[PDB]
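Below is one structure, written out as structure tokens, with a few remarks after it.
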Amino acid sequence: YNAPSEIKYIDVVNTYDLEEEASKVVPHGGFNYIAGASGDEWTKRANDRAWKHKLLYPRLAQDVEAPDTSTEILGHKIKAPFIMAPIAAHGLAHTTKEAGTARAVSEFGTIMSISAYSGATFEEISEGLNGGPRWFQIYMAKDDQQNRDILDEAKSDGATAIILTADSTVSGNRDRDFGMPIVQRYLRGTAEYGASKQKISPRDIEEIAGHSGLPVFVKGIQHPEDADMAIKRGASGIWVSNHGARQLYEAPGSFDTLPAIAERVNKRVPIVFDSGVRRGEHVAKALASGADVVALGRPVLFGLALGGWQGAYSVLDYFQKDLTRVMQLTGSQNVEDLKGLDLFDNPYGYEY
Amino acid sequence: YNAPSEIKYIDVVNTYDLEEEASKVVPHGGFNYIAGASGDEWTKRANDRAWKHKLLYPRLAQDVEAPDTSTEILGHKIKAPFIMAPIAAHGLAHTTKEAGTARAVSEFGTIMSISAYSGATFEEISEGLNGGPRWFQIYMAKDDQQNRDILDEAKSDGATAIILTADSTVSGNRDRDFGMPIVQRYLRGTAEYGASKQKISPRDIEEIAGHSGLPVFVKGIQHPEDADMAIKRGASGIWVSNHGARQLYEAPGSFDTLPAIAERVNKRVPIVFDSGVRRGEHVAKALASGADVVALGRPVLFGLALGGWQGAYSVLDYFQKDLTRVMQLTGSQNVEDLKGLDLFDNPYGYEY
Amino acid sequence: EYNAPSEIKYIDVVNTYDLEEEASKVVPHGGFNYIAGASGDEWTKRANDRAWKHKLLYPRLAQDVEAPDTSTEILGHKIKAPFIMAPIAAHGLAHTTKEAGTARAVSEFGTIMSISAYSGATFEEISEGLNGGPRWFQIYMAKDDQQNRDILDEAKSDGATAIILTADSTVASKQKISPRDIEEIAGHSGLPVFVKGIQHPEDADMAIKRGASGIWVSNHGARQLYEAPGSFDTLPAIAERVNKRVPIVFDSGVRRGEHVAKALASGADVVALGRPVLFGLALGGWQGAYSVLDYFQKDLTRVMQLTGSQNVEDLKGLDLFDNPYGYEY
Ligand SMILES: Cc1cc2nc3c(=O)[nH]c(=O)nc-3n(C[C@H](O)[C@H](O)[C@H](O)COP(=O)(O)O)c2cc1C
Ligand SMILES: Cc1cc2nc3c(=O)[nH]c(=O)nc-3n(C[C@H](O)[C@H](O)[C@H](O)COP(=O)(O)O)c2cc1C
Ligand SMILES: Cc1cc2nc3c(=O)[nH]c(=O)nc-3n(C[C@H](O)[C@H](O)[C@H](O)COP(=O)(O)O)c2cc1C
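As you go down the protein sequences, you meet chains A, A' and B in turn. A prime marks a further copy of an entry chain.
Per the authors' numbering, the first sequence runs over residues 8 to 184, 193 to 207, 215 to 374.
Per the authors' numbering, the second sequence runs over residues 8 to 184, 193 to 207, 215 to 374.
Per the authors' numbering, the third sequence runs over residues 7 to 177, 217 to 374.
What follows is the structure in structure tokens.
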């Protein structure tokens with residue numbers, strides 16, 4: 008497998024073009040893995056088109072100061088209201104794999120999420136992170152010992168939250184058709215994808231929350247009753263996601279699901295939103311709709327493919343800068359102002 | 008007429024591609040007959056796009072066991088909540104014609120529907136069925152003797168229900184432009215498509231229900247008042263269908279009609295739903311919307327074209343497996359759970 | 007020295023609302039308030055009653071020749087009309103023959119008796135009144151697993167054919222039940238378990254997933270939560286979510302044959318009757334309670350004729366007129 012290895016800054020004008028550019032340097036199989044989604048990708052398209060359902064108004068300013076994109080989540084101050092989503096196998100995009108991603112995220116000044124299915128050996132990731140905050144993403148194992156193992160690993164690696172992914176990564180079914196050091200460290204000699219439950223229950227959430235010693239986000243929530251159940255089971259955060267349309271097909275665009283969840287959560291726990299964030303305007307819309315931060319996924323990996331850590335950094339830089347402009351135009355001085363924006367309801371949808 | 012004759016399993020990744028693949032092996036005239044629909048096919052397109060109007064939510068599991076797709080209808084246990092729709096002239100797709108279809112359905116473990124316009128001679132069908140359950144589809148003859156004849160035939164052939172099709176198969180009018196052993200057995204020497219009424223009435227339904235000695239499904243229902251009238255006339259089931267858009271043009275997509283019918287039927291009799299089922303997600307949505315089972319039509323015939331009974335079996339296998347995955351993602355352990363799913367209302371339609 | 011009525015006689019029931027007032031004349035004040043009252047200032051009890059005006063019946067042409075037949079069946083038991091007796095505590099507040107009187111009325115009429123956890127009659131006394139007729143046992147969730155096991159064993163040995171697990175305590218018992226409780230009861234009962242007090246569709250789905258064999262849509266006659274919807278307003282959403290998985294019993298506010306029809310049209314298999322049967326009991330013992338069941342059956346027959354319905358299944362198929370104006374129209 009010959010992943011790109013060049014490290015360089017890139018002039019990111021938009022994130023959509025990064026996909027096609029990346030397709031030129033990433034081996035076809037790995038590229039398809041990263042870019043593809045369930046079915047005929049109609050729900051991935053829905054993730055993207057959902058942003059046109061609620062539109063931004065320009066508004067007069069009410070404050071004199073320059074815009075400030077910084078925010079805090081779980082008591083940690085970060086440079087802008089976006090974090091890195093947990094994504095498996097960054098080596099499919101770049102030889103520096105998760106270490107490169109971590110470097111970009113740490114240098115930028117936000118939170119790195121580490122997939123249990125990382126191709127890098129934490130020590131490798133740690134060198135990219137250089138002290139930066141990190142959250143650990145897990146799947147629910149059928150074997151309770153394996154959950155104990157990964158929770159221990161996460162605490163040892165200095166994780167400050169656990170991301171409990173609700174859906175099993177068999178991959179999800181598409182119409183079209193490395194090792195895993197972190198888990199192999201604990202599965203070795205056991206002979207145990216199929217090791218995890220296909221879907222978690224409130225009881226699973228309670229088990230993980232009770233034993234992690236850390237706040238647990240439940241990731242993959244798209245229905246408000248699941249958010250309420252998860253919080254009652256002991257979740258410390260709700261991560262609204264459809265995993266970039268990689269799981270359930272003929273489901274809504276993730277952004278359409280956010281307000282009903284935010285209204286039901288009603289401030290009880292922080293909300294992370296993802297699945298389809300491509301522009302600064304999307305970050306603003308998520309915050310206006312109830313998210314505390316958003317997670318970024320595919321665009322960062324395409325950046326990684328194109329320039330290693332500097333290419334990934336350029337993508338985070340693009341989002342921060344684009345968000346600043348959206349703040350100016352919406353009359354927003356800070357991230358809290360964005361949470362107060364009125365959106366225009368577009369009943370016409372994408373074609374207008 | 009040179010229909011395909013090869014028997015083989017196929018790797019079914021999606022059912023849409025089976026159409027185009029089939030177009031390569033089926034003679035053009037026969038292929039057009041199977042694939043085509045009324046007008047410019049706008050209502051066939053509507054059948055397909057209707058599935059995007061109600062979207063699936065992923066939901067937390069509430070039960071520990073592996074998903075079980077089995078269900079019961081009319082007291083017969085079947086492997087998954089789908090049956091074979093009555094389709095004329097399977098010989099247009101494959102030399103093993105209805106016998107091949109029957110073999111696939113019987114081996115899979117569901118119900119075979121036999122079209123009155125079968126190209127095979129029941130004895131041929133019977134050898135494929137090998138004891139498997141079968142329902143008999145009839146049209147309402149103008150001549151009452153001919154109805155007596157076919158009802159006798161059905162009872163003799165061990166049918167456990169009658170499917171009374173409400174609309175006469177003159178074909179339906181398109182913008183573009193074998194024998195029938197089962198009916199010829201009774202029409203011989205009579206000199207009698216035009217032998218049947220163009221449309222049935224409640225009085226017809228009552229006549230058939232009174233004399234069949236078997237539960238009668240009325241097939242082609244798209245309006246709730248017709249469902250109520252049919253039940254009052256003695257129907258034992260409602261089969262919601264527009265016959266794969268082969269009859270009335272500039273009518274709604276079949277799935278859009280299902281909830282109003284299900285609400286009016288209100289549990290009185292079982293509901294079979296068809297017209298446009300292409301994915302596991304569609305089976306789930308139909309059940310969530312009030313159907314007890316769905317019927318499969320064109321995809322099975324395309325499978326038949328491509329691999330005889332094994333090709334048709336591969337299609338049923340695809341639906342069963344895809345449904346299992348949808349059950350996992352929706353937190354559903356069984357077919358009853360699917361009937362309880364909440365769907366997301368998408369007011370935007372296909373383009374989102 | 008509680009002086010409950012003791013006369014046994016048939017009564018000419020023209021409407022059930024007048025039974026409350028008439029009953030107030032013969033039942034001791036304290037007992038009467040207990041029966042007739044509800045939470046808060048009774049706004050939710052009034053909501054139970056006014057909710058029937060939100061969906062209105064249409065007269066319709068007939069499509070069959072035969073006279074109306076009210077018979078139905080639930081859980082394989084054939085009953086005379088689509089209503090059963092709700093579980094109500096302490097019938098001795100209404101009449102000296104207490105639950106034995108009510109049981110006699112229900113069995114003579116030909117429907118199912120529900121026996122409250124707080125019955126004032128002994129089972130032997132009730133058994134005599136039932137004379138073999140079907141009965142369901144209503145229980146609360148005990149905090150002690152062994153007490154639950156004992157109650158479930160007693161019920162099945164007493165010939166119960168279903169258990170009604172009431173989700174809310176009025177009053217050893219849990220105040221509110223959870224899915225786990227439902228599962229524990231369903232797992233050990235050996236009988237279909239109805240979960241009673243459901244008003245929200247998500248609870249119906251959870252209950253069924255936990256092993257309930259029936260959903261009993263109720264707010265216990267507005268006796269529990271105040272400033273909640275009228276029970277009938279909650280029924281369609283629940284019926285749509287249940288989607289035929291298990292039978293639905295509906296109660297809380299049924300007073301007319303039109304209400305029985307509207308409940309069936311909206312997804313209930315049967316309804317349960319409560320206060321009106323007890324007012325009948327106060328007024329005439331088992332014969333007075335019987336007269337109330339007879340009123341509902343005859344009044345439903347008239348409603349069937351007018352709606353063009355020959356049988357209980359036809360009622361399940363009625364279209365209702367949506368009245369967005371509500372009570373004052
Ligand atoms: C290549 C790929 C691998 C992923 N692997 C995981 C995974 O290991 N665990 C997880 O919780 N989510 C995983 N995700 C989903 C992401 O965390 C995130 O929800 C998604 O990328 C956001 O959608 P977007 O990238 O289209 O904006 C993966 C996504 C992709 C693109
Ligand atoms: C080639 C063809 C022939 C058909 N012949 C009959 C028929 O004989 N009787 C009948 O009731 N329906 C007939 N149908 C309709 C099917 O029973 C069923 O309603 C339809 O195939 C479902 O639509 P779908 O196949 O697009 O999912 C036919 C459909 C097609 C494709
Ligand atoms: C006096 C009184 C006592 C009741 N006791 C019980 C009880 O023991 N257990 C129970 O599940 N419900 C109990 N209920 C509620 C009834 O089962 C039923 O839900 C209610 O009477 C129906 O409302 P309605 O009578 O106004 O039409 C009681 C209701 C009343 C009026």
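Beta carbons are placed, not taken as given, at the ideal position from N, Cα and C, and that holds for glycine.
Along chain A, in chain order, which residues have C-beta atoms closer than 7 Å to that of residue 57/A'? Working through the second sequence from its first residue, we reach residue 57/A' at position 50. Within 7 Å Cβ-Cβ: nothing; residue 57/A' doesn't reach chain A, min ~11 Å.
Where the alpha helix (DSSP H) containing residue 141/A' begins and where it ends: Residue mapping note: residue 141/A' aligns to position 134 of the second sequence, counting from 1. Unbroken run through residue 141/A' is the beta strand (DSSP E), 141–146; no alpha helix (DSSP H).
Just checking, does the segment 345–356 of chain A' make contact with the segment 66–75 of chain A' on the three C-beta pairs under 8 Å criterion? Yes, the segment 345–356 of chain A' touches the segment 66–75 of chain A'.
Rounded to the nearest angstrom, what separates residue 243/A and residue 257/A at their Cα positions? For the purposes of this step, residue 243/A is taken as residue 221 along the first sequence, with counting starting at 1. For the purposes of this step, residue 257/A is taken as residue 235 along the first sequence, with counting starting at 1. Cα-Cα distance, rounded: 12 Å.
I believe residue 274/A touches residue 368/A' by the beta-carbon criterion, under 8 Å. Please report the beta-carbon distance rounded to the nearest angstrom. Translated into the one-based positions of the first sequence, residue 274/A becomes position 252. Translated into the one-based positions of the second sequence, residue 368/A' becomes position 346. Contact holds; Cβ gap of about 7 Å.
State the beta-bridge partners of residue 91/B as determined by DSSP. Taking the third sequence and counting its residues from 1, one reaches residue 91/B at position 85. In the DSSP output, where bridge partners are listed per residue, residue 91/B has 318/B.
Using three-state DSSP, classify residue 295/A as helix, strand or coil. Position 273 of the first sequence, counting from 1, holds the residue named residue 295/A. Residue 295/A falls in the strand class under three-state DSSP.
Using 8 Å as the Cβ pair cut-off and three pairs as the minimum, do the segment 75–91 of chain A and the segment 115–123 of chain A touch? yes
Is the beta carbon of residue 147/B closer than 9 Å to that of residue 94/B? Reading the third sequence from its first residue, position 88 is the one you call residue 94/B. Reading the third sequence from its first residue, position 141 is the one you call residue 147/B. No, the Cβ-Cβ distance between residue 94/B and residue 147/B is not below 9 Å.
Taking residue 145/A' and residue 157/A' to be in contact with their CB atoms under 8 Å, please state how far apart those CB atoms are, rounded to whole angstroms. For the purposes of this step, residue 145/A' is identified with residue 138 of the second sequence, where counting begins at 1. For the purposes of this step, residue 157/A' is identified with residue 150 of the second sequence, where counting begins at 1. Confirmed, Cβ separation roughly 5 Å.
Residue 241/B: first and last residue of the uninterrupted beta strand (DSSP E) it sits in: Here residue 241/B refers to the residue found at position 196 of the third sequence. 238–243 is the extent of the beta strand (DSSP E) around residue 241/B.
Quick test of your reading: residue 123/A' and residue 141/A', contact by CB under 8 Å. State the CB separation rounded to the nearest angstrom. Position 116 of the second sequence, counted from the first residue, corresponds to residue 123/A'. Position 134 of the second sequence, counted from the first residue, corresponds to residue 141/A'. With 8 Å as the limit, residue 123/A' and residue 141/A' do not qualify as a contact, their Cβ atoms being about 13 Å apart.
Tell me the DSSP secondary structure of residue 259/A' in three-state form. Here residue 259/A' refers to the residue found at position 237 when the second sequence is read from its first residue. Correct three-state label for residue 259/A': strand.
Check: residue 21/A' C-beta below 8 Å from any heavy atom of ligand 5: Ligand 5 is absent from the structure shown, which contains only ligand 1, ligand 2 and ligand 3.
Please list, in chain order, the residues of the segment 216–233 of chain A that have any C-beta partner in chain A' closer than 7 Å. 220, 221, 222, 223, 224
Is the segment 286–296 of chain B touching the segment 246–263 of chain B, taking contact as three or more C-beta pairs under 8 Å? yes
The alpha helix (DSSP H) enclosing residue 233/A, as first and last residue numbers: By 1-based counting over the first sequence, the position of residue 233/A is 211. Unbroken alpha helix (DSSP H) run through residue 233/A: 224–233.
Whose C-beta lies closer than 6 Å to the C-beta of residue 11/B among residues of the same chain, with five residues either side of it excluded? Translated into positions along the third sequence, residue 11/B becomes position 5. If the five residues before and after residue 11/B are omitted, its C-beta is found closer than 6 Å to the C-beta atoms of 32, 101, 327, all from its own chain and listed in chain order.
Got a sec? Which residues, its chain only, sit under 6 Å from residue 38/A by beta carbon, not counting five neighbours each side? Residue 38/A sits at position 31 when you count from the first residue of the first sequence. Cβ neighbours of residue 38/A beyond the five flanking positions: 30.
Using 8 Å for Cβ pairs, my map puts residue 296/A' next to residue 319/A'. What's the rounded Cβ distance? Along the second sequence, read from residue 1 onward, the residue named residue 296/A' stands at position 274. Along the second sequence, read from residue 1 onward, the residue named residue 319/A' stands at position 297. The C-beta separation of residue 296/A' from residue 319/A' comes to about 6 Å, placing the pair in contact by the 8 Å criterion.
Please look up how many angstroms separate the CB atoms of residue 314/B and residue 292/B, rounded, as I've assumed it's under 8 Å. For this step, residue 314/B is matched to residue 269 along the third sequence. For this step, residue 292/B is matched to residue 247 along the third sequence. Correct: roughly 4 Å between the Cβ atoms.
Run through chain A' and tell me which residues come within less than 7 Å of residue 312/B, C-beta to C-beta. Looking up residue 312/B in the third sequence gives position 267. Under the 7 Å cutoff, chain A' gives 288.
Nearest to residue 161/A' (by Cα), restricted to the options 105/A', 197/A', 241/A', 51/A': The count along the second sequence starts at 1 and reaches residue 161/A' at position 154. Nearest C-alpha to residue 161/A': 197/A'.
Assuming residue 24/B and residue 298/B are in contact, meaning their beta carbons sit under 8 Å apart, how far apart are those beta carbons, in whole angstroms? Counting from 1 along the third sequence, the entry for residue 24/B is found at position 18. Counting from 1 along the third sequence, the entry for residue 298/B is found at position 253. Not really, about 16 Å apart at Cβ, beyond 8 Å.
For residue 57/A and residue 173/A', the rounded distance between their alpha carbons: The residue labelled residue 173/A' in the question sits at position 166 within the second sequence. The residue labelled residue 57/A in the question sits at position 50 within the first sequence. Roughly 41 Å between the two C-alpha positions.
To the nearest angstrom, how far is it from the Cα of residue 41/B to the Cα of residue 135/B? For the purposes of this step, residue 41/B is taken as the residue at position 35 of the third sequence. For the purposes of this step, residue 135/B is taken as the residue at position 129 of the third sequence. Going by the C-alpha atoms only, they are around 22 Å apart.
For chain A', find out if any of its Cβ atoms is closer than 9 Å to the Cβ of residue 203/A; answer yes or no. In the first sequence, the residue the question calls residue 203/A occupies position 188. Closer than 9 Å: no.
Grouping DSSP H, G and I as helix and E and B as strand, with all else coil, what is residue 341/A? As a first step, residue 341/A must be located in the first sequence, where it is residue number 319. In the displayed model, residue 341/A falls within a helix according to three-state DSSP.
Please tell me whether residue 301/A' has its Cβ less than 9 Å away from any Cβ of chain A. Start at 1 with the first residue of the second sequence, and residue 301/A' comes out as number 279. Yes, contact with chain A.
Going by DSSP in three states, residue 366/A sits in which element: helix, strand or coil? In the first sequence, the residue the question calls residue 366/A occupies position 344. Here residue 366/A sits in strand by DSSP.
Give the interface partners of residue 344/B over in chain A', defined as CB-CB distance under 7 Å, in chain order. Taking the third sequence and counting its residues from 1, the one referred to as residue 344/B is at position 299. Chain A' residues near residue 344/B: none, gap ~22 Å exceeds 7 Å.
Any heavy atom of ligand 1 inside 8 Å of the beta-carbon of residue 318/A? As a working note, residue 318/A is residue 296 in the first sequence. Correct: residue 318/A has its Cβ closer than 8 Å to ligand 1.
Please report the distance separating the alpha-carbon of residue 105/A' from that of residue 261/A. Taking the second sequence and counting its residues from 1, the one referred to as residue 105/A' is at position 98. Taking the first sequence and counting its residues from 1, the one referred to as residue 261/A is at position 239. Spanning the two alpha carbons is a distance of roughly 51 Å.
Can you tell me the Cβ-Cβ gap for residue 338/A' and residue 111/A', rounded? I've got them flagged as a contact below 8 Å. Looking up residue 338/A' in the second sequence gives position 316. Looking up residue 111/A' in the second sequence gives position 104. Between residue 111/A' and residue 338/A' the Cβ distance is about 6 Å, and since that is below 8 Å, they are a contact.
Using a cut-off of 8 Å between C-beta atoms, extract the partners of residue 70/A' located in chain B. Taking the first residue of the second sequence as position 1, residue 70/A' is located at position 63. Here the neighbours are 254.
Using DSSP bridges, identify the partner residues of residue 17/B. Counting from one through the third sequence, the residue named residue 17/B turns up at place 11. Paired residues: none, contrary to the question.
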